[PDB]
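Trainee: I have a structure I would like to understand better, so I am pasting it below and will then ask my questions one at a time.
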Amino acid sequence: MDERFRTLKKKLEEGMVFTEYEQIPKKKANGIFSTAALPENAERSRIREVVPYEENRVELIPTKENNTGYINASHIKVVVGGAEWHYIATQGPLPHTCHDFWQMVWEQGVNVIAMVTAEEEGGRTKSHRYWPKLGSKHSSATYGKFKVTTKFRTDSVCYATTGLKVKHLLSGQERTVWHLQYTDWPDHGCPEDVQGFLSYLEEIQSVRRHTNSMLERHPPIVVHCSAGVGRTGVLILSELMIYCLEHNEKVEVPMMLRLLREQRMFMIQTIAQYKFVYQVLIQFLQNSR
Amino acid sequence: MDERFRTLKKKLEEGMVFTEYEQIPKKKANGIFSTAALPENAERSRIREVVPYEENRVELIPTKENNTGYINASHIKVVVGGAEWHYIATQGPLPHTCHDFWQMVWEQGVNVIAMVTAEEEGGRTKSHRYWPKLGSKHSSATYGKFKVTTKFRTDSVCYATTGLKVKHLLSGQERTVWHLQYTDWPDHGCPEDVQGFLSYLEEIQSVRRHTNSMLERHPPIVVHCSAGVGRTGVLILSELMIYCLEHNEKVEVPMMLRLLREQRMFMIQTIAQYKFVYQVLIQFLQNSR
Amino acid sequence: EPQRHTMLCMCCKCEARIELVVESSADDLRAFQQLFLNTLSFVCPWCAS
Amino acid sequence: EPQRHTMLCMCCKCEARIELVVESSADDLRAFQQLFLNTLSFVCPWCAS
Ligand SMILES: [Cl-]
Ligand SMILES: [Cl-]
Ligand SMILES: [Zn+2]
Ligand SMILES: [Zn+2]
């Protein structure tokens with residue numbers, strides 16, 4: 001990895017990494033958003049401008065109230081080193097889409113939710129509280145067909161890990177979901193504590209392997225912020241590039257970003273977020289030495 | 001097992017089970033006790049009359065203070081249904097044999113100790129306290145080369161389960177030992193609560209399988225009372241016969257007792273203890289229906 | 001080396017919040033978390049008496 | 001069905017005895033016991049503050 005460290009540093013000194021970012025199109029030219037564009041689905045998107053492409057939107061089982069099975073969520077699939085990676089990138093649930101969110105968690109067999117935001121930041125709502133509070137109403141809450149119970153919370157410095165039980169109220173089936181919330185992102189800009197963000201990635205990686213071992217397969221993890229493209233893109237790009245470096249795949253960061261944008265529009269929406277990813281990778285490589 | 005239940009009941013009604021017990025010799029005719037008989041080893045036996053046969057005594061690594069590696073303990077080995085069972089039957093440690101006891105636990109790779117007695121009963125000492133008290137001196141105690149630490153105790157109605165860590169003070173190696181103490185045996189006679197004794201056997205069986213799974217082999221469990229023949233014999237005979245019934249081996253109880261007596265003199269020393277075993281087996285079979 | 005962690009949970013009898021403070025390795029912390037997602041529940045001191 | 005069990009242990013900071021009362025299945029009780037034999041230790045309330 002010493003050659004990988006020196007290579008990355010050189011590229012950052014060449015003065016073109018921000019140049020090439022500007023030239024990455026923010027979204028597909030001939031992109032189709034048929035279901036997201038329907039007027040019945042306008043109120044289901046937190047940010048009207050940020051919606052899934054039709055070909056890889058997460059499709060829910062239809063219901064009478066949601067007949068197109070629409071949720072603002074995309075399947076993100078990347079193959080790195082013979083390994084398929086699967087994420088669902090989604091927006092922070094709205095008060096009236098919490099039952100949709102849990103329906104998606106159920107149908108997709110999700111074990112891990114990575115929430116890269118607080119509920120409210122600087123007065124503005126980023127996500128509805130879609131999981132219960134400990135000690136409030138038997139630590140339980142019901143969202144449509146799904147009864148969710150909080151069983152524990154472990155606070156770390158930069159993030160909190162919450163264990164949830166999810167019960168399907170018609171079948172009675174119970175399942176476990178791990179809720180990993182990054183708590184250190186500032187109200188504007190990017191976090192100054194890069195190491196703390198790396199600790200959060202560490203916890204995601206660790207909980208994914210744990211839940212995979214319990215099911216003795218590899219479902220997507222759900223990643224969400226407010227619109228599901230900015231901080232969500234930072235997390236996904238960082239994890240994919242860290243794995244690329246750890247197993248020495250010759251993929252350039254802008255190439256990976258182009259592939260993510262092929263699957264969800266606007267992923268990583270500022271140059272500051274893109275530069276943050278590079279500092280995450282630099283810190284990961286420094287940690288190795 | 002319904003045929004096994006009816007068969008056992010019939011035999012108990014035939015009036016000969018106590019007759020055949022009296023005719024079982026208490027010990028081998030041409031028995032040899034060379035090491036136990038040495039005057040240097042007189043003080044190492046709690047009951048002078050109860051000692052191991054030479055051929056299957058538990059031999060310790062010699063030390064300057066204990067050059068014959070003597071402990072009052074016997075290897076009890078029985079094959080039932082293609083399965084070898086291995087016990088060490090031993091006396092309750094004396095104040096000056098606690099280091100011998102832990103040396104035996106170490107050399108034999110013992111994971112489970114079944115203590116079928118209280119330390120003092122009716123004023124008379126039955127066993128030295130050879131494991132630490134919680135909260136007393138860092139919950140630790142040292143016996144020769146072995147530092148023992150108590151990590152937890154779980155009290156049940158009829159028995160207590162204590163988890164111990166054992167550290168070899170020269171190598172630094174640490175190991176786990178589970179200490180299972182039956183607390184319901186009366187000061188004289190046999191326990192009236194047969195179900196509680198069955199619960200204790202249940203815990204022994206459960207902890208043996210747990211410790212075997214952790215070592216992902218099958219060491220002996222240590223069973224001791226005061227002299228290591230009476231209540232110890234009740235426990236061992238009961239477990240062997242319960243397994244015989246559960247896997248439908250045609251071994252008669254007096255035949256099994258004869259084989260145990262071939263390996264340690266005086267095993268089951270009263271008719272009341274022998275009749276208690278039968279009531280344990282009756283209750284186990286009633287539990288099945 | 002073991003680190004200090006705090007586990008927040010609910011009493012299984014009375015809805016009161018319980019704060020457990022442990023020191024352990026990361027692997028034993030995860031194993032302990034998993035027990036709450038199986039059947040393990042704690043009883044607060046009041047409900048215990 | 002889960003049963004009530006009491007776990008006695010020692011604070012890893014001050015030698016005081018800690019009484020933990022849980023309800024759980026037998027298997028989860030054994031798993032919890034095993035954690036004490038690995039690295040899991042509890043901190044008493046006083047040492048926690
Ligand atoms: Cl630049
Ligand atoms: Cl008779
Ligand atoms: Zn309570
Ligand atoms: Zn303390």
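Labeling convention for the structure tokens: chains A, B, ... as they appear, residues from 1 per chain, ligands from 1 in order of appearance.
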Residues near residue 38 (chain D), anyone? I mean within 10 Å using only C-alpha atoms, not counting same-chain ones fewer than 2 positions away, as a list in words.
Mentor: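 With the cut-off at 10 Å, the set is residues 151, 165 and 176 of chain B; 24, 25, 27 and 28 of chain C; 33, 34, 35, 36, 40 and 41 of chain D.
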Trainee: Please, could you write that set of residues out with N, CA and C atoms as a PDB file, in the first residue's frame?
Mentor:
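The file below, result25.pdb, is the result:
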```
ATOM      1  N   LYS B 151     -15.412 -15.347  38.186  1.00  0.00           N
ATOM      2  CA  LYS B 151     -15.931 -14.289  37.318  1.00  0.00           C
ATOM      3  C   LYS B 151     -17.425 -14.062  37.468  1.00  0.00           C
ATOM      4  N   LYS B 165     -11.768 -18.574  36.043  1.00  0.00           N
ATOM      5  CA  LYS B 165     -10.579 -18.497  35.207  1.00  0.00           C
ATOM      6  C   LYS B 165      -9.388 -19.041  35.989  1.00  0.00           C
ATOM      7  N   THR B 176     -10.601 -21.661  31.227  1.00  0.00           N
ATOM      8  CA  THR B 176     -11.903 -21.541  31.859  1.00  0.00           C
ATOM      9  C   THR B 176     -12.277 -22.859  32.521  1.00  0.00           C
TER      10      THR B 176
ATOM     11  N   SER C  24     -14.948  -4.185  27.828  1.00  0.00           N
ATOM     12  CA  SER C  24     -14.845  -5.439  27.087  1.00  0.00           C
ATOM     13  C   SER C  24     -14.136  -5.184  25.766  1.00  0.00           C
ATOM     14  N   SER C  25     -13.751  -6.278  25.114  1.00  0.00           N
ATOM     15  CA  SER C  25     -13.286  -6.200  23.743  1.00  0.00           C
ATOM     16  C   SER C  25     -14.449  -5.849  22.821  1.00  0.00           C
ATOM     17  N   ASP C  27     -15.351  -7.537  20.151  1.00  0.00           N
ATOM     18  CA  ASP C  27     -16.103  -8.749  19.830  1.00  0.00           C
ATOM     19  C   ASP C  27     -17.076  -9.116  20.943  1.00  0.00           C
ATOM     20  N   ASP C  28     -16.659  -8.970  22.205  1.00  0.00           N
ATOM     21  CA  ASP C  28     -17.581  -9.320  23.285  1.00  0.00           C
ATOM     22  C   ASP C  28     -18.694  -8.286  23.414  1.00  0.00           C
TER      23      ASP C  28
ATOM     24  N   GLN D  33     -23.213 -15.824  30.356  1.00  0.00           N
ATOM     25  CA  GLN D  33     -22.189 -16.376  31.248  1.00  0.00           C
ATOM     26  C   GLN D  33     -20.838 -16.485  30.539  1.00  0.00           C
ATOM     27  N   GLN D  34     -20.836 -17.001  29.304  1.00  0.00           N
ATOM     28  CA  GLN D  34     -19.583 -17.161  28.566  1.00  0.00           C
ATOM     29  C   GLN D  34     -18.878 -15.820  28.337  1.00  0.00           C
ATOM     30  N   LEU D  35     -19.639 -14.730  28.178  1.00  0.00           N
ATOM     31  CA  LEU D  35     -19.005 -13.424  27.968  1.00  0.00           C
ATOM     32  C   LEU D  35     -18.169 -13.007  29.173  1.00  0.00           C
ATOM     33  N   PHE D  36     -18.619 -13.345  30.394  1.00  0.00           N
ATOM     34  CA  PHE D  36     -17.816 -13.059  31.584  1.00  0.00           C
ATOM     35  C   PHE D  36     -16.515 -13.842  31.581  1.00  0.00           C
ATOM     36  N   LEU D  40     -15.839  -9.620  29.022  1.00  0.00           N
ATOM     37  CA  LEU D  40     -16.898  -8.707  29.448  1.00  0.00           C
ATOM     38  C   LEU D  40     -16.876  -8.541  30.964  1.00  0.00           C
ATOM     39  N   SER D  41     -16.793  -7.289  31.419  1.00  0.00           N
ATOM     40  CA  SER D  41     -16.821  -6.921  32.826  1.00  0.00           C
ATOM     41  C   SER D  41     -17.776  -5.754  33.012  1.00  0.00           C
TER      42      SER D  41
END
```
Trainee: Could you list, as a PyMOL selection string, all residues that come within 10 Å of ligand 4? Count only C-alpha atoms and all ligand atoms.
Mentor: chain D and resi 10-18+42-49
Trainee: Using backbone DSSP assignments, extract all strand (DSSP E or B) residues from region 50-252 of chain B; output them as a ChimeraX atom specification.
Mentor: /B:57,73-80,83-90,112-115,120-121,124-125,140-143,146-155,159-168,174-182,221-224
Trainee: Just need the residues of chain B within 8 Å of chain D, counting only C-alpha atoms, so spit them out as a ChimeraX atom specification.
Mentor: /B:134-139,151-156,163-165,176
Trainee: Would you mind writing down, as a list in words, each residue of region 2-40 of chain C that DSSP on the backbone assigns to alpha helix (DSSP H)?
Mentor: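 Matching residues, listed in order: residues 26, 27, 28, 29, 30, 31, 32, 33, 34, 35, 36 and 37 of chain C.
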Trainee: How about saving the chosen residues, N, CA, C and O atoms kept, as an mmCIF file, in the first residue's frame?
Mentor:
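The resulting selection.cif:
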```cif
data_model
loop_
_atom_site.group_PDB
_atom_site.id
_atom_site.type_symbol
_atom_site.label_atom_id
_atom_site.label_comp_id
_atom_site.auth_asym_id
_atom_site.auth_seq_id
_atom_site.Cartn_x
_atom_site.Cartn_y
_atom_site.Cartn_z
ATOM 1 N N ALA C 26 -14.106 -5.432 21.594
ATOM 2 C CA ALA C 26 -15.143 -5.137 20.604
ATOM 3 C C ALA C 26 -15.989 -6.370 20.294
ATOM 4 O O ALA C 26 -17.216 -6.270 20.159
ATOM 5 N N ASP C 27 -15.351 -7.537 20.151
ATOM 6 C CA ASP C 27 -16.103 -8.749 19.830
ATOM 7 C C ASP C 27 -17.076 -9.116 20.943
ATOM 8 O O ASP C 27 -18.198 -9.565 20.670
ATOM 9 N N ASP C 28 -16.659 -8.970 22.205
ATOM 10 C CA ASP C 28 -17.581 -9.320 23.285
ATOM 11 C C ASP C 28 -18.694 -8.286 23.414
ATOM 12 O O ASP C 28 -19.820 -8.629 23.795
ATOM 13 N N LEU C 29 -18.410 -7.028 23.067
ATOM 14 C CA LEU C 29 -19.464 -6.024 23.026
ATOM 15 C C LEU C 29 -20.517 -6.390 21.985
ATOM 16 O O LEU C 29 -21.720 -6.325 22.256
ATOM 17 N N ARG C 30 -20.082 -6.774 20.778
ATOM 18 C CA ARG C 30 -21.041 -7.156 19.738
ATOM 19 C C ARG C 30 -21.865 -8.358 20.175
ATOM 20 O O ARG C 30 -23.086 -8.395 19.969
ATOM 21 N N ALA C 31 -21.208 -9.350 20.787
ATOM 22 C CA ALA C 31 -21.922 -10.533 21.256
ATOM 23 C C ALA C 31 -22.977 -10.171 22.294
ATOM 24 O O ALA C 31 -24.076 -10.742 22.303
ATOM 25 N N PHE C 32 -22.650 -9.231 23.186
ATOM 26 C CA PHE C 32 -23.585 -8.754 24.200
ATOM 27 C C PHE C 32 -24.763 -8.016 23.564
ATOM 28 O O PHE C 32 -25.923 -8.251 23.926
ATOM 29 N N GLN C 33 -24.481 -7.123 22.605
ATOM 30 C CA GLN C 33 -25.542 -6.469 21.833
ATOM 31 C C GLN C 33 -26.476 -7.500 21.195
ATOM 32 O O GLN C 33 -27.702 -7.383 21.280
ATOM 33 N N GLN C 34 -25.906 -8.545 20.584
ATOM 34 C CA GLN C 34 -26.727 -9.563 19.929
ATOM 35 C C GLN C 34 -27.667 -10.262 20.916
ATOM 36 O O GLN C 34 -28.791 -10.630 20.545
ATOM 37 N N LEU C 35 -27.247 -10.420 22.178
ATOM 38 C CA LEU C 35 -28.120 -11.075 23.158
ATOM 39 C C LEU C 35 -29.400 -10.279 23.387
ATOM 40 O O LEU C 35 -30.468 -10.866 23.593
ATOM 41 N N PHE C 36 -29.318 -8.937 23.353
ATOM 42 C CA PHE C 36 -30.526 -8.118 23.469
ATOM 43 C C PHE C 36 -31.462 -8.332 22.294
ATOM 44 O O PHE C 36 -32.672 -8.105 22.410
ATOM 45 N N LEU C 37 -30.921 -8.716 21.142
ATOM 46 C CA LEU C 37 -31.738 -8.961 19.965
ATOM 47 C C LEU C 37 -32.249 -10.391 19.913
ATOM 48 O O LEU C 37 -33.049 -10.721 19.032
#
```
Trainee: If you count only C-alpha atoms and all ligand atoms, which residues end up within 6 Å of ligand 1, as an MDAnalysis selection string?
Mentor: chainID A and resid 15:18
Trainee: I'd like the neighbourhood of residue 180 (chain A) as a CSV table (one decimal) with N, CA and C atoms, in the first residue's frame, where a residue qualifies if any of its atoms comes within 9 Å (using only C-alpha atoms), though same-chain residues fewer than 2 positions away should be ignored.
Mentor:
```csv
chain,number,residue,atom,x,y,z
A,112,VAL,N,-29.0,-3.7,8.0
A,112,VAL,CA,-28.2,-2.5,8.5
A,112,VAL,C,-28.8,-1.3,7.8
A,113,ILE,N,-29.0,-0.2,8.6
A,113,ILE,CA,-29.3,1.1,8.1
A,113,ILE,C,-28.2,2.0,8.5
A,114,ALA,N,-27.6,2.7,7.6
A,114,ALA,CA,-26.6,3.7,7.9
A,114,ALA,C,-27.2,5.1,7.7
A,115,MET,N,-27.5,5.8,8.8
A,115,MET,CA,-28.1,7.1,8.8
A,115,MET,C,-27.1,8.2,9.0
A,116,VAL,N,-26.8,9.0,7.9
A,116,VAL,CA,-25.6,9.9,8.0
A,116,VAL,C,-26.1,11.3,8.3
A,159,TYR,N,-20.9,8.4,16.7
A,159,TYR,CA,-22.0,7.7,16.1
A,159,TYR,C,-22.7,6.9,17.2
A,160,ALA,N,-23.9,6.5,16.9
A,160,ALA,CA,-24.7,5.7,17.8
A,160,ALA,C,-25.2,4.4,17.1
A,161,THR,N,-25.1,3.3,17.8
A,161,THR,CA,-25.6,2.0,17.3
A,161,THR,C,-26.8,1.6,18.1
A,162,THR,N,-27.9,1.4,17.3
A,162,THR,CA,-29.2,1.0,17.9
A,162,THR,C,-29.7,-0.3,17.4
A,163,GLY,N,-30.0,-1.3,18.3
A,163,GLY,CA,-30.5,-2.6,17.8
A,163,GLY,C,-32.1,-2.5,17.8
A,178,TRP,N,-30.1,-3.4,12.5
A,178,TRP,CA,-29.1,-2.6,13.2
A,178,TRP,C,-29.1,-1.2,12.6
A,182,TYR,N,-24.6,8.3,12.2
A,182,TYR,CA,-23.4,9.2,12.4
A,182,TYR,C,-23.9,10.5,13.0
A,200,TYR,N,-16.8,5.4,11.9
A,200,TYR,CA,-18.2,5.1,11.5
A,200,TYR,C,-18.2,4.1,10.4
A,203,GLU,N,-17.5,0.7,11.9
A,203,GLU,CA,-18.7,0.1,12.5
A,203,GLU,C,-19.6,-0.5,11.5
A,204,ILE,N,-19.8,0.2,10.3
A,204,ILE,CA,-20.7,-0.3,9.3
A,204,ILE,C,-20.2,-1.6,8.8
A,207,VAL,N,-20.6,-4.3,11.5
A,207,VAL,CA,-22.0,-4.8,11.7
A,207,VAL,C,-22.5,-5.6,10.5
```
Trainee: So that I can see what lies close to region 227-231 of chain A, please list as a JSON list (two decimals) with N, CA and C atoms, in the first residue's frame the residues with an atom at most 9 Å from it, counting only C-alpha atoms and leaving out residues fewer than 6 positions away in the same chain.
Mentor:
```
[["chain", "number", "residue", "atom", "x", "y", "z"],
["A", 45, "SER", "N", -41.44, 12.54, -2.24],
["A", 45, "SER", "CA", -40.03, 12.89, -2.36],
["A", 45, "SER", "C", -39.75, 14.13, -1.52],
["A", 46, "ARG", "N", -38.72, 14.05, -0.69],
["A", 46, "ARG", "CA", -38.36, 15.15, 0.19],
["A", 46, "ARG", "C", -37.86, 16.34, -0.62],
["A", 47, "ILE", "N", -36.96, 16.07, -1.56],
["A", 47, "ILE", "CA", -36.46, 17.08, -2.48],
["A", 47, "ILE", "C", -37.00, 16.72, -3.86],
["A", 50, "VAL", "N", -34.63, 15.55, -6.70],
["A", 50, "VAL", "CA", -33.77, 14.38, -6.54],
["A", 50, "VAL", "C", -34.66, 13.15, -6.50],
["A", 51, "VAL", "N", -34.64, 12.36, -7.57],
["A", 51, "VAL", "CA", -35.53, 11.21, -7.70],
["A", 51, "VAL", "C", -34.77, 10.06, -8.35],
["A", 72, "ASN", "N", -38.65, 6.97, -2.73],
["A", 72, "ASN", "CA", -37.49, 7.67, -3.30],
["A", 72, "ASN", "C", -36.23, 6.92, -2.86],
["A", 73, "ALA", "N", -35.85, 5.90, -3.62],
["A", 73, "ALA", "CA", -34.74, 5.03, -3.25],
["A", 73, "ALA", "C", -34.22, 4.35, -4.51],
["A", 89, "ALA", "N", -29.68, 3.57, -1.71],
["A", 89, "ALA", "CA", -29.52, 4.97, -1.35],
["A", 89, "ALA", "C", -30.90, 5.60, -1.32],
["A", 90, "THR", "N", -31.27, 6.22, -0.20],
["A", 90, "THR", "CA", -32.63, 6.72, -0.10],
["A", 90, "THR", "C", -32.63, 8.03, 0.68],
["A", 91, "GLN", "N", -33.75, 8.74, 0.61],
["A", 91, "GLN", "CA", -33.93, 9.98, 1.34],
["A", 91, "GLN", "C", -34.34, 9.69, 2.78],
["A", 92, "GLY", "N", -34.16, 10.68, 3.65],
["A", 92, "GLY", "CA", -34.68, 10.58, 4.99],
["A", 92, "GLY", "C", -36.20, 10.51, 4.96],
["A", 116, "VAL", "N", -26.78, 8.98, 7.93],
["A", 116, "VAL", "CA", -25.63, 9.88, 7.98],
["A", 116, "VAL", "C", -26.10, 11.30, 8.26],
["A", 117, "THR", "N", -26.98, 11.46, 9.25],
["A", 117, "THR", "CA", -27.57, 12.76, 9.52],
["A", 117, "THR", "C", -28.26, 12.70, 10.87],
["A", 126, "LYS", "N", -34.30, 17.05, 8.52],
["A", 126, "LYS", "CA", -33.56, 16.21, 7.59],
["A", 126, "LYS", "C", -34.15, 14.81, 7.47],
["A", 190, "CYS", "N", -18.41, 19.97, 5.69],
["A", 190, "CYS", "CA", -18.05, 18.58, 5.96],
["A", 190, "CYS", "C", -17.37, 18.44, 7.32],
["A", 264, "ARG", "N", -27.63, 6.85, -9.50],
["A", 264, "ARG", "CA", -28.48, 7.82, -8.81],
["A", 264, "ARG", "C", -27.95, 9.21, -9.09],
["A", 265, "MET", "N", -28.83, 10.09, -9.55],
["A", 265, "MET", "CA", -28.43, 11.44, -9.93],
["A", 265, "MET", "C", -27.84, 12.18, -8.75],
["A", 266, "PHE", "N", -26.88, 13.06, -9.04],
["A", 266, "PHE", "CA", -26.34, 14.04, -8.10],
["A", 266, "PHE", "C", -25.50, 13.45, -6.97],
["A", 267, "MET", "N", -25.18, 12.16, -7.00],
["A", 267, "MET", "CA", -24.39, 11.57, -5.92],
["A", 267, "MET", "C", -23.10, 12.37, -5.72],
["A", 268, "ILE", "N", -22.85, 12.79, -4.47],
["A", 268, "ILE", "CA", -21.82, 13.76, -4.09],
["A", 268, "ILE", "C", -22.14, 15.09, -4.76],
["A", 269, "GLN", "N", -22.81, 15.99, -4.04],
["A", 269, "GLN", "CA", -23.30, 17.18, -4.72],
["A", 269, "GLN", "C", -22.43, 18.42, -4.55],
["A", 270, "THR", "N", -21.32, 18.36, -3.82],
["A", 270, "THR", "CA", -20.41, 19.51, -3.77],
["A", 270, "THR", "C", -18.96, 19.07, -3.91],
["A", 273, "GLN", "N", -17.55, 17.95, -0.64],
["A", 273, "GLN", "CA", -17.78, 16.55, -0.30],
["A", 273, "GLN", "C", -16.80, 15.65, -1.04]]
```
Trainee: When distances are computed from only C-alpha atoms and all ligand atoms, which of B:19, B:94, B:63, B:4 shows the smallest separation from ligand 2?
Mentor: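 Of all the options, B:19 lies closest to ligand 2.
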Trainee: What does the structure give for the distance between CA of residue 87 (chain B) and CA of residue 185 (chain B), in Å to one decimal?
Mentor: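 Interatomic distance here is 20.9 Å.
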Trainee: For CA of residue 256 (chain B) and CA of residue 78 (chain B), determine how far apart the two atoms are, in Å to one decimal place.
Mentor: 8.8 Å
Trainee: What is the distance between CA of residue 150 (chain B) and CA of residue 85 (chain B), in Å to one decimal?
Mentor: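 CA of residue 85 (chain B) lies at a distance of 27.9 Å from CA of residue 150 (chain B).
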